[PDB]
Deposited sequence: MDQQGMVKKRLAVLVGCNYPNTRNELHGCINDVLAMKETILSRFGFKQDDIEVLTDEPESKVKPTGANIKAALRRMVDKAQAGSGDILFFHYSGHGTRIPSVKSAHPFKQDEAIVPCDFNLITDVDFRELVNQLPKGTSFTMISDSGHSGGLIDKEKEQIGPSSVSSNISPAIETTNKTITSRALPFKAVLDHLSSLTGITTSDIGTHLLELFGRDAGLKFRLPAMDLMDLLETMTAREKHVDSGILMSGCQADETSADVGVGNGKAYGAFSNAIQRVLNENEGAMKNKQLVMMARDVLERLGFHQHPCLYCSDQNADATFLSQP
């Protein structure tokens, strides 16, 4: 029977804004060519969401989640379907509770409309996938470590210094105050509660963290914790740790790129044969370390998926 290979590629350069980046769209275009030529993906099975001014499908929070949900629509049980999601753009960290002095923080990505997609949103996404399928997520963004909440850390801070790179770099992380101020410019509300702005602007399209009552979220987290005891289909390759940022390398000359995304491309160009998920992250860490980048890519997946081939390459 046919095995499906679906991909959603998101790149946010935020052009002509206060948080402009330059290498995110190039990351998407390079990753599209890689999966088309090496990993058996087909053009009709790849959705690209980039925010260049002439783009007809912008990487908004609703458009990203709808494209990911279209992938969940086609994944079948016992099929071994291969789902891929690449994100290059800004990341951020938000309070875990509705307080100005939270004890812990949640990781999130920043779509072009700032409709934040947090780690609990990606945890619900991978829990919608049947057993035997794989969802490989490469997030070249700041604070990308832990973007799939409760996904087991395989490579990370719990599992001689090189000179800093001479490349011209820019951080792919936005401070929480900058994200809050961006949303306040649209609502006009005077509050530090970022959930109030997101519910106000996007309603049902807001993240799970902001639209669900505390009782419904706890119950939802308990059902996911129960299912994760038997099914674990999520694979996250982050560009940095939860407390780090990811580097945007270059200037606005058309050749900028993400440091982590480029490190992945370098490893693939030098190793044409099939390689495990954990070996790809380890060799990507080696490339960034020798090149003078201080971000540490991480891997989050089950023990079995750590030994599985990246994108199930034959």
Chain regions without C-alpha coordinates, deposited sequence numbering: 1-5, 165-170
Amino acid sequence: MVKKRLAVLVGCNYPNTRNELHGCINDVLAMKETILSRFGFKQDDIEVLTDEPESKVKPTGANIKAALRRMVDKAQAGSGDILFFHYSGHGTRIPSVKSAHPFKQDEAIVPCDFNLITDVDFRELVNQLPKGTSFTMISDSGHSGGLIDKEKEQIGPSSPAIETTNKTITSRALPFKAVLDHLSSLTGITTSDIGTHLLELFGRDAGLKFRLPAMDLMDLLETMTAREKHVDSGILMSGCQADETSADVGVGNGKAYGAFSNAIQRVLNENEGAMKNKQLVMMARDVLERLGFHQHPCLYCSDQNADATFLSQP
From here on, numbers count along this sequence of modelled residues.
Mean C-alpha B-factor comparison - 71-79 and 114-122, higher one: 71-79
34-42 or 265-273, whichever carries the higher mean Cα B-factor: 265-273
Options 167, 86, 90, 230 - largest CA temperature factor per the record: 230
Residue of maximum C-alpha B factor among 139, 192, 134, 154, per deposited coordinates: 192
Within-chain third of residue 65 by Cα B-factor, per the entry: lowest
Position of residue 175 among the chain's modelled residues by C-alpha B-factor, lowest, middle or highest third: middle
Residue 241 - which third its CA temperature factor falls in, relative to the rest of the chain: middle
B-factor third for the C-alpha atom of residue 182 within its chain: middle
Residue 26 - Cα temperature factor, lowest/middle/highest third of chain: lowest
